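What's in data-v1.cif: mmCIF, C-alpha atoms and all ligand atoms
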```cif
data_upload
#
loop_
_atom_site.label_atom_id
_atom_site.label_comp_id
_atom_site.auth_asym_id
_atom_site.auth_seq_id
_atom_site.Cartn_x
_atom_site.Cartn_y
_atom_site.Cartn_z
CA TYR W 1 27.62 2.49 -19.49
CA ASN W 2 26.53 5.00 -22.14
CA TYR W 3 26.45 7.88 -19.65
CA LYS W 4 29.95 6.92 -18.51
CA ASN W 5 31.23 6.99 -22.09
CA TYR W 6 29.47 10.31 -22.75
CA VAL W 7 30.94 11.92 -19.63
CA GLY W 8 34.40 10.62 -20.51
CA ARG W 9 34.10 12.09 -24.01
CA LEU W 10 32.95 15.41 -22.53
CA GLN W 11 35.94 15.46 -20.17
CA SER W 12 38.35 14.64 -23.01
CA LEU W 13 36.86 17.36 -25.23
CA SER W 14 36.91 19.97 -22.45
CA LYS W 15 40.71 19.77 -22.18
CA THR W 16 41.88 22.02 -25.03
CA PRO W 17 45.18 23.93 -24.67
CA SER W 18 43.80 26.91 -26.68
CA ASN W 19 46.53 26.32 -29.29
CA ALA W 20 44.80 23.91 -31.70
CA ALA W 21 42.48 24.83 -34.56
CA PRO W 22 39.41 26.93 -33.65
CA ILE W 23 37.17 23.95 -34.48
CA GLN W 24 38.62 22.03 -31.53
CA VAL W 25 38.18 25.08 -29.28
CA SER W 26 34.53 25.29 -30.35
CA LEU W 27 34.15 21.57 -29.63
CA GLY W 28 35.58 22.07 -26.15
CA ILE W 29 33.31 25.05 -25.49
CA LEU W 30 30.22 23.12 -26.59
CA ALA W 31 31.25 20.12 -24.49
CA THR W 32 31.71 22.38 -21.46
CA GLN W 33 28.27 23.92 -22.01
CA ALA W 34 26.73 20.45 -22.31
CA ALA W 35 28.40 19.31 -19.08
CA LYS W 36 27.30 22.51 -17.32
CA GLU W 37 23.69 21.97 -18.42
CA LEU W 38 23.78 18.27 -17.51
CA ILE W 39 24.94 18.77 -13.90
CA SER W 40 21.90 20.90 -13.02
CA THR W 41 19.88 17.68 -12.58
CA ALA W 42 22.37 14.79 -12.90
CA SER W 43 24.18 15.80 -9.70
CA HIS W 44 22.49 12.92 -7.84
CA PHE W 45 23.83 10.30 -10.27
CA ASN W 46 26.85 8.15 -11.04
CA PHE W 47 30.14 9.74 -12.09
CA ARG W 48 29.24 13.24 -10.94
CA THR W 49 32.87 13.55 -9.83
CA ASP W 50 34.13 13.65 -13.42
CA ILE W 51 31.72 16.46 -14.33
CA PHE W 52 32.68 18.37 -11.19
CA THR W 53 36.38 17.91 -11.96
CA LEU W 54 36.09 19.11 -15.55
CA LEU W 55 33.93 22.10 -14.62
CA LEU W 56 36.28 23.14 -11.81
CA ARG W 57 39.32 22.68 -14.07
CA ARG W 58 37.63 25.01 -16.55
CA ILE W 59 36.91 27.50 -13.75
CA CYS W 60 40.31 27.23 -12.04
CA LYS W 61 42.19 28.26 -15.18
CA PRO W 62 44.59 31.19 -14.59
CA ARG W 63 42.73 33.22 -17.25
CA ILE W 64 38.98 32.69 -17.55
CA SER W 65 37.78 36.12 -18.68
CA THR W 66 38.13 35.11 -22.33
CA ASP W 67 36.12 31.93 -21.68
CA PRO W 68 32.47 32.59 -22.68
CA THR W 69 31.19 30.03 -20.14
CA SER W 70 32.90 30.93 -16.84
CA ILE W 71 29.97 33.13 -15.76
CA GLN W 72 27.47 30.31 -16.30
CA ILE W 73 29.59 27.64 -14.60
CA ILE W 74 30.21 29.89 -11.58
CA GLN W 75 26.47 30.62 -11.40
CA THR W 76 25.64 26.90 -11.53
CA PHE W 77 28.18 26.04 -8.83
CA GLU W 78 26.90 28.86 -6.62
CA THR W 79 23.32 27.66 -7.07
CA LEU W 80 24.34 24.08 -6.26
CA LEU W 81 26.09 25.19 -3.07
CA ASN W 82 23.19 27.47 -2.13
CA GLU W 83 20.42 24.89 -2.55
CA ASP W 84 22.33 22.02 -0.88
CA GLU W 85 21.48 21.82 2.83
CA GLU W 86 22.77 18.41 3.95
CA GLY W 87 26.34 19.14 2.85
CA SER W 88 27.08 16.02 0.79
CA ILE W 89 27.34 17.61 -2.66
CA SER W 90 28.99 20.67 -1.11
CA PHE W 91 31.70 18.54 0.52
CA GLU W 92 32.14 16.53 -2.69
CA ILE W 93 32.71 19.74 -4.66
CA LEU W 94 34.97 21.28 -1.99
CA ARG W 95 37.27 18.25 -1.88
CA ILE W 96 37.94 18.51 -5.62
CA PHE W 97 38.27 22.29 -5.35
CA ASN W 98 40.93 21.95 -2.64
CA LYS W 99 42.69 19.23 -4.66
CA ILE W 100 42.85 21.53 -7.69
CA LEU W 101 43.94 24.56 -5.64
CA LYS W 102 46.81 22.67 -3.99
CA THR W 103 48.17 21.94 -7.48
CA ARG W 104 48.03 25.61 -8.55
CA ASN W 105 49.59 26.88 -5.28
CA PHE W 106 46.29 28.61 -4.40
CA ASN W 107 46.22 31.04 -7.34
CA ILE W 108 42.74 31.80 -8.66
CA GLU W 109 40.51 34.81 -9.26
CA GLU W 110 38.68 36.48 -6.35
CA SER W 111 35.47 35.75 -8.26
CA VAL W 112 36.22 32.03 -8.34
CA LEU W 113 36.95 32.01 -4.62
CA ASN W 114 33.62 33.83 -4.19
CA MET W 115 31.71 30.56 -4.71
CA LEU W 116 32.56 29.44 -1.17
CA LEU W 117 30.52 32.38 0.15
CA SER W 118 27.29 30.64 -0.96
CA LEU W 119 27.73 27.44 1.09
CA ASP W 120 24.36 26.77 2.71
CA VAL W 121 25.84 24.11 5.01
CA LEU W 122 27.79 26.90 6.75
CA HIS W 123 24.67 29.03 7.32
CA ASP W 124 22.17 29.11 10.18
CA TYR W 125 18.66 30.55 10.04
CA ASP W 126 15.74 31.17 12.36
CA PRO W 127 14.22 27.91 13.68
CA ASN W 128 10.79 29.14 12.55
CA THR W 129 11.53 30.70 9.16
CA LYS W 130 8.45 31.33 7.02
CA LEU W 131 8.63 29.27 3.83
CA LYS W 132 6.76 30.10 0.64
CA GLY W 133 3.00 29.92 0.85
CA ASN W 134 2.31 26.34 -0.22
CA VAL W 135 -1.31 25.19 -0.33
CA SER W 136 -2.61 21.69 -1.04
CA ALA W 137 -5.61 19.59 -0.11
CA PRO W 138 -4.77 18.06 3.30
CA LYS W 139 -6.62 14.75 2.85
CA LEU W 140 -8.75 13.19 0.15
CA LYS W 141 -12.36 13.73 1.17
CA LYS W 142 -14.12 10.75 2.71
CA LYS W 143 -17.00 10.69 0.22
CA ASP W 144 -14.55 10.82 -2.72
CA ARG W 145 -12.46 7.75 -1.83
CA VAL W 146 -11.48 4.85 -4.07
CA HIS W 147 -12.67 1.37 -3.13
CA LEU W 148 -9.95 -0.88 -1.71
CA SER W 149 -10.15 -4.54 -0.78
CA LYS W 150 -9.44 -5.71 2.76
CA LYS W 151 -6.04 -7.03 1.69
CA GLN W 152 -5.35 -3.74 -0.11
CA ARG W 153 -6.24 -1.72 2.99
CA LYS W 154 -4.09 -3.93 5.22
CA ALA W 155 -1.14 -3.56 2.83
CA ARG W 156 -1.72 0.20 2.78
CA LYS W 157 -1.57 0.29 6.59
CA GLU W 158 1.61 -1.82 6.62
CA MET W 159 3.39 0.33 4.04
CA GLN W 160 2.34 3.51 5.85
CA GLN W 161 3.74 2.17 9.13
CA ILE W 162 6.98 1.27 7.35
CA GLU W 163 7.19 4.68 5.64
CA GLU W 164 6.70 6.57 8.91
CA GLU W 165 9.71 4.91 10.56
CA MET W 166 11.73 5.26 7.35
CA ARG W 167 11.01 9.00 7.34
CA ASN W 168 11.97 9.29 11.01
CA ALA W 169 15.26 7.47 10.39
CA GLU W 170 15.92 9.55 7.26
CA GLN W 171 15.47 12.77 9.23
CA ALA W 172 17.77 11.51 11.99
CA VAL W 173 20.47 10.45 9.50
CA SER W 174 20.28 13.77 7.63
CA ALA W 175 20.58 15.68 10.91
CA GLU W 176 23.56 13.63 12.09
CA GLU W 177 25.32 13.86 8.71
CA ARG W 178 24.86 17.61 8.24
CA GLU W 179 26.99 18.29 11.32
CA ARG W 180 29.87 16.08 10.17
CA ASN W 181 29.77 17.50 6.64
CA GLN W 182 29.73 21.01 8.12
CA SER W 183 32.80 20.22 10.23
CA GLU W 184 34.72 18.79 7.27
CA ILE W 185 33.76 21.70 5.01
CA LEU W 186 34.77 24.20 7.71
CA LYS W 187 38.17 22.50 7.95
CA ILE W 188 38.67 22.59 4.17
CA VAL W 189 37.48 26.19 3.76
CA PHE W 190 39.61 27.51 6.62
CA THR W 191 42.66 25.65 5.31
CA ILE W 192 42.13 27.18 1.86
CA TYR W 193 41.66 30.68 3.29
CA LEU W 194 44.75 30.42 5.50
CA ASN W 195 46.88 29.12 2.63
CA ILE W 196 45.69 32.04 0.48
CA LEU W 197 46.58 34.47 3.28
CA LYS W 198 50.04 32.93 3.72
CA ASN W 199 50.60 33.16 -0.04
CA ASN W 200 49.52 36.82 0.30
CA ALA W 201 47.77 37.26 -3.04
CA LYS W 202 46.88 40.95 -3.31
CA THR W 203 43.75 40.26 -5.41
CA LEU W 204 42.17 37.74 -3.01
CA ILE W 205 42.45 39.33 0.45
CA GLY W 206 39.03 40.98 0.61
CA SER W 207 37.10 37.84 -0.33
CA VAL W 208 39.12 35.81 2.18
CA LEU W 209 38.37 38.23 5.02
CA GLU W 210 34.69 38.27 4.04
CA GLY W 211 34.68 34.47 4.19
CA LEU W 212 36.29 34.50 7.64
CA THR W 213 33.74 37.04 8.89
CA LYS W 214 30.82 35.02 7.51
CA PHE W 215 31.99 31.56 8.62
CA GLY W 216 34.01 32.55 11.69
CA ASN W 217 31.15 32.07 14.14
CA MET W 218 30.25 28.64 12.72
CA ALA W 219 33.52 27.08 13.92
CA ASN W 220 34.55 25.70 17.31
CA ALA K 1 -45.33 3.08 32.04
CA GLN K 2 -43.80 -0.27 32.99
CA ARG K 3 -40.00 -0.26 33.05
CA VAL K 4 -37.87 -3.06 31.59
CA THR K 5 -34.16 -3.86 31.60
CA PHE K 6 -31.66 -6.32 30.13
CA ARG K 7 -32.40 -10.05 30.30
CA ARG K 8 -28.77 -11.21 30.05
CA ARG K 9 -25.46 -10.89 31.89
CA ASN K 10 -24.20 -7.75 30.13
CA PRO K 11 -25.46 -4.64 32.02
CA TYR K 12 -23.88 -2.03 29.72
CA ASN K 13 -25.11 -0.16 26.64
CA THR K 14 -22.85 -1.99 24.21
CA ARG K 15 -23.46 -2.60 20.50
CA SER K 16 -23.57 -6.33 21.31
CA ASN K 17 -26.74 -6.16 23.42
CA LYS K 18 -29.65 -3.98 22.27
CA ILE K 19 -33.19 -3.97 23.62
CA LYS K 20 -36.63 -3.68 22.06
CA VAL K 21 -39.85 -3.49 24.08
CA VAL K 22 -42.78 -5.75 23.16
CA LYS K 23 -46.14 -6.50 24.75
CA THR K 24 -46.44 -10.21 25.48
CA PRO K 25 -49.72 -12.18 25.33
CA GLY K 26 -49.73 -11.86 29.12
CA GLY K 27 -50.47 -8.15 28.80
CA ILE K 28 -47.10 -6.83 30.02
CA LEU K 29 -44.18 -4.96 28.49
CA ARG K 30 -41.01 -7.04 28.26
CA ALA K 31 -37.53 -6.58 26.84
CA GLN K 32 -36.13 -8.54 23.90
CA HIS K 33 -32.53 -8.58 22.72
CA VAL K 34 -32.10 -7.85 19.01
CA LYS K 35 -29.38 -9.43 16.89
CA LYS K 36 -27.07 -7.46 14.63
CA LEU K 37 -28.52 -6.77 11.20
CA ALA K 38 -26.99 -8.44 8.17
CA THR K 39 -24.89 -6.65 5.56
CA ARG K 40 -25.36 -6.83 1.80
CA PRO K 41 -22.48 -8.50 -0.06
CA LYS K 42 -20.33 -6.01 -1.95
CA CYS K 43 -18.68 -6.17 -5.36
CA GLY K 44 -14.98 -6.97 -5.22
CA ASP K 45 -14.01 -4.28 -7.75
CA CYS K 46 -16.16 -1.21 -7.00
CA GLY K 47 -17.60 -2.07 -3.57
CA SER K 48 -21.29 -1.64 -4.42
CA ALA K 49 -23.92 -3.96 -2.99
CA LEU K 50 -24.44 -7.00 -5.19
CA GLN K 51 -27.83 -7.28 -6.87
CA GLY K 52 -29.94 -10.41 -6.54
CA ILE K 53 -27.97 -11.93 -3.64
CA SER K 54 -29.61 -12.50 -0.26
CA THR K 55 -28.47 -10.47 2.75
CA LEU K 56 -27.72 -12.84 5.65
CA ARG K 57 -25.30 -13.39 8.50
CA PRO K 58 -21.98 -15.08 7.65
CA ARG K 59 -23.10 -18.48 8.97
CA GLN K 60 -26.62 -18.30 7.49
ZN ZN V 1 -18.54 -3.73 -9.39
#
```
Can you give me the file's structure in the form of structure tokens?
Amino acid sequence: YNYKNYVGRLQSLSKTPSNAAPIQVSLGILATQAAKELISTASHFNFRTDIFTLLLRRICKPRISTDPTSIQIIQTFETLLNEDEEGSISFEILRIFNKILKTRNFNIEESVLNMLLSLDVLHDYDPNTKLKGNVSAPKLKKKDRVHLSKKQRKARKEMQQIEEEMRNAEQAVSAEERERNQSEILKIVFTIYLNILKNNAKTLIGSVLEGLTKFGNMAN
Amino acid sequence: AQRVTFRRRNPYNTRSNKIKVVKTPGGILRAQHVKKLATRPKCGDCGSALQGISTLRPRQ
């Protein structure tokens, strides 16, 4: 309840027509910074859609160069799209982005449109990529174990056998959902790019063609 | 130099049947099946053998 009220207040304060007193503009800027900082970890929580909507509305303004936070919000959105592999948060952001663009007749800054270039869901890598060197003790040593009762050991076995099948099912569900999210995001991105091309905005052509070249081979 | 074997139905080297060799009052070497040794009772919190409690089989 309190987080809902806080996010609603942040959204209300973010909307400032840049014509009121400078105190209100400062309030809106601080609210936008707070929302930008909050979404870095509260993305997997309730009412993330409101934060996404307010941040994208701030970004999708016709003039954002005077805004002292557009750089940071674009960086955060790019990081969110880059680190998201399953495609759930990416699709959630892209739906709102398309909804906002359709209202503005697809008129944004090339830089804004550049966030779609960082979509991890539309990227494919080597099946055997080398991750970072991560080292940990494989198993607790036998002579350094903690005593467990027979009932405790039986419960440990049961919960391990449950967890193994839960992990298998989780992997299967993630694999089957990534493909569908990828298809939906491809549809949305290609629709946005084609609408931009039909509008023929002289300041957005290069980014659009780069997006087509990057994501062209991921489609059907 | 006298060779002995199992005295029961099980012919295999299982933990259940184990053989010792003893010289009987008749002057011969004979086999004898040995029972499983008992286990000391253990503490229910740390698992160490309890002190002052006899080590017997479950039914003893
Ligand atoms: Zn103890």
Please list as a PyMOL selection string every residue within 10 Å of residue W:218, counting all atoms listed in the file and excluding residues in the same chain fewer than 5 positions away.
chain W and resi 121-124+182-183+186+212-213
Taking (-37.3, -9.4, 27.9) in the coordinates of the supplied file, I want to know which residues reach to within 10 Å of it, counting only C-alpha atoms; could you give the answer as a list in words?
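Answer for this query, in the requested form: residues 4, 5, 6, 7, 8, 19, 20, 21, 22, 23, 24, 29, 30, 31, 32 and 33 of chain K.
Restricting the calculation to all atoms listed in the file, the smallest distance between chain W and any of K:58, K:26, K:44, K:52 is found for K:44.
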Distance cut-off 9 Å, counting all atoms listed in the file - which residues of chain K neighbour chain W? Return them as a VMD selection string.
chain K and resid 44 to 47
Around all listed atoms of stretch 186-200 of chain W, padded 8 Å per side, what centre and edge lengths does the axis-aligned box have in Å to one decimal, as lines of an AutoDock Vina configuration file?
```
center_x = 42.7
center_y = 29.7
center_z = 4.0
size_x = 31.8
size_y = 30.3
size_z = 24.0
```
Point-to-point distance from atom CA of residue W:111 to atom CA of residue W:126, Å rounded to tenths
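Those two atoms sit 28.9 Å apart.
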Rounded to one decimal, what separation in Å do you get between atom CA of residue K:34 and atom CA of residue K:17?
7.1 Å
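The interatomic distance for the pair atom CA of residue W:3 and atom CA of residue W:39 works out to 12.4 Å.
If all atoms listed in the file are the atoms counted, then among K:50, K:56, K:38, K:43 the closest residue to ligand ZN 1 (chain V) is K:43.
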Counting all atoms listed in the file, which residues sit no farther than 9 Å from the position (-25.8, -8.0, -0.1) in the file's frame? I'd like them as a list in words.
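Taken together, the residues in range are residues 38, 39, 40, 41, 42, 48, 49, 50, 51, 52, 53, 54, 55 and 56 of chain K.
When all atoms listed in the file are used to measure the gap to residue W:215, the shortest distance among W:137, W:189, W:115, W:13 belongs to W:189.
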The residue from K:28, K:18, K:60, K:37 with the smallest atom-to-atom distance to residue K:3, counting all atoms listed in the file, is K:28
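Between residue W:33 and the candidates W:191, W:200, W:128, W:70, the tightest atom-to-atom separation, counting all atoms listed in the file, involves W:70.
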